[PDB]
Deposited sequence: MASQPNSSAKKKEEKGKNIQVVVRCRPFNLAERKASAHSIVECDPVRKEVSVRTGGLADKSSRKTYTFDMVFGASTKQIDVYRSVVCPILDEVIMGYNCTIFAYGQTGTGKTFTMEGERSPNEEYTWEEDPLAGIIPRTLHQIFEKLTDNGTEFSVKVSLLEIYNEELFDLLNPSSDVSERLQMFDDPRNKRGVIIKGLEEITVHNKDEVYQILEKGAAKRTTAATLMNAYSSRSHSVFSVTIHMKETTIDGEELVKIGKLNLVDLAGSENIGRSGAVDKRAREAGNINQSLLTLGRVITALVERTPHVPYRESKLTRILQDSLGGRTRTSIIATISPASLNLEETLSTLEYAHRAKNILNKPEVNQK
């Protein structure tokens, strides 16, 4: 199966409006096209146009991303496949907005209902909605690690010091897999446990940002949720499934400070060019993503872009990068 690639353009922000920014991006959700105006003052007609698996314009809301992209992927996780979604694009374009989301200010909504909530919390909410006493015995475990300068931090660890480091090893049980030694995996017994877990993770990240330069823009964030499902149907026979979903928020594409982003590009180039050796081992991120990139996990990429003329070169870089990645084949479960 080819990696599926979608584009999400964010709306203008107040500073862009204040600077009287013009748009250089047109999205056509129906034709699944994004068309970028490239000639500035000089050449009013030149464009580059790309077709993707889906295209989300500035008016797309969090709930539309969920319904279109995540729901189908989560149903596949529930069938016991492994899936990955990662966000790629320049700092400021909405990777974290998309993957995690934000809380609406002054208290207006519950987390399960917040319209600014992104992929991670909606996914956790749906896992419990879908599975709960609906016949299956099931458990859910989460982990959240971040890669910065090729060091690995555990945002969910009971340790009060976020700087305490994890270590990665090959997994002798699983050919393309790693063991993250020290990684706290929290059993989430029900939906009413979700928020406090995410909240404490976010507070550890805020600390991390005070400790390390340009932390949030240089970091890669790797949230994983594993679902163990058990069934005893018609004979009394017992049929076990395990689904895993990785939700990944990459370093800003404008970027050992950068080894993982660099190596991901070299890995994607190797896969599309079909070159014989693919350098997964040369970074922490690509070791973590090995199975998602030419392996047995179903992968989707959300490429995030700004609409503003100012960001022309990086917007074009992001679209070219993401477009070629459609050519990568995985073979799920």
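Colleague: Comparing the deposited sequence with the modelled residues, which stretches have no C-alpha coordinates?
Modeller: The deposited sequence has unmodelled segments at 1 to 16, 272 to 286, 365 to 368.
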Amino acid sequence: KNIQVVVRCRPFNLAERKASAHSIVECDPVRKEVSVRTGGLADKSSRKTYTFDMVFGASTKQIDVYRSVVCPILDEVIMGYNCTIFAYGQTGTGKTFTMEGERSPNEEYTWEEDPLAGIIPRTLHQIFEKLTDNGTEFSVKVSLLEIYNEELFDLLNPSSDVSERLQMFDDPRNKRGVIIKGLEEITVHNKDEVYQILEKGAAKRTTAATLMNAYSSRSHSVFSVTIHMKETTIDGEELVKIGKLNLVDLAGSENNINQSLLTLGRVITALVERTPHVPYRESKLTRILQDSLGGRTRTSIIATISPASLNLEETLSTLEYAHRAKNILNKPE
From here on, numbers count along this sequence of modelled residues.
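If you superpose the two forms and keep the largest set of C-alpha atoms that fall within 1.5 Å, you have the rigid core.
Colleague: Core-aligned, which moves more in 7 other deposited structures of this protein: 112 to 120 or 176 to 184, by CA RMS?
Modeller: Stretch with the higher C-alpha RMS distance in 7 other deposited structures of this protein: 112 to 120.
Colleague: Of the stretches 200 to 208 and 121 to 129, which sits farther from where it is here in 7 other deposited structures of this protein, on average over its Cα atoms, after fitting the core?
Modeller: When 200 to 208 and 121 to 129 are compared in 7 other deposited structures of this protein, 200 to 208 lies farther out.
Colleague: I want to check something about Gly80: across the other compared entries that model its neighbours, is it left unbuilt in at least a third?
Modeller: Result for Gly80: never missing in the compared entries.
Colleague: At a threshold of one third of the other compared entries, does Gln90 come out as unmodelled?
Modeller: No, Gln90 is modelled in every one of the other compared entries that cover both of its flanks.
Colleague: Is the mean CA B factor in the deposited entry higher across 78 to 86 or across 91 to 99?
Modeller: That would be 78 to 86.
Colleague: On average, which has the higher Cα B-factor in the deposited entry, 213 to 221 or 239 to 247?
Modeller: Result of the comparison: 239 to 247.
Colleague: What's the residue among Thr206, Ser163, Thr232, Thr123 with the greatest CA temperature factor in the PDB record?
Modeller: Comparing C-alpha B-factors across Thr206, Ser163, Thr232, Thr123, the top value belongs to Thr232.
Colleague: Per the entry's Cα B factor values, which of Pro276, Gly57, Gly265, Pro307 stands out as the maximum?
Modeller: If I rank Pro276, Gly57, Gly265, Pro307 by C-alpha B-factor, first place goes to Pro276.
Colleague: In terms of the chain's CA B-factor thirds, is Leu271 lowest, middle or highest?
Modeller: Ranked within chain, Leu271 CA B lands in the highest tercile.
Colleague: Based on the entry's values, in what third of the chain does the Cα temperature factor of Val142 lie: lowest, middle or highest?
Modeller: Middle third, going by the recorded CA B-factors of the chain.
Colleague: Would the CA B-factor of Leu152 place it in the lowest, middle or highest third of its chain?
Modeller: Lowest third - that is where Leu152 ends up once the chain's C-alpha B-factors are sorted.
Colleague: Select lowest, middle or highest to describe the third in which the CA B-factor of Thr110 falls within its chain in this entry.
Modeller: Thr110: CA B-factor falls in the highest third of its chain.
Colleague: Just say lowest, middle or highest third for the CA B-factor of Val5 relative to the other modelled residues in its chain.
Modeller: Ranked within chain, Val5 CA B lands in the lowest tercile.
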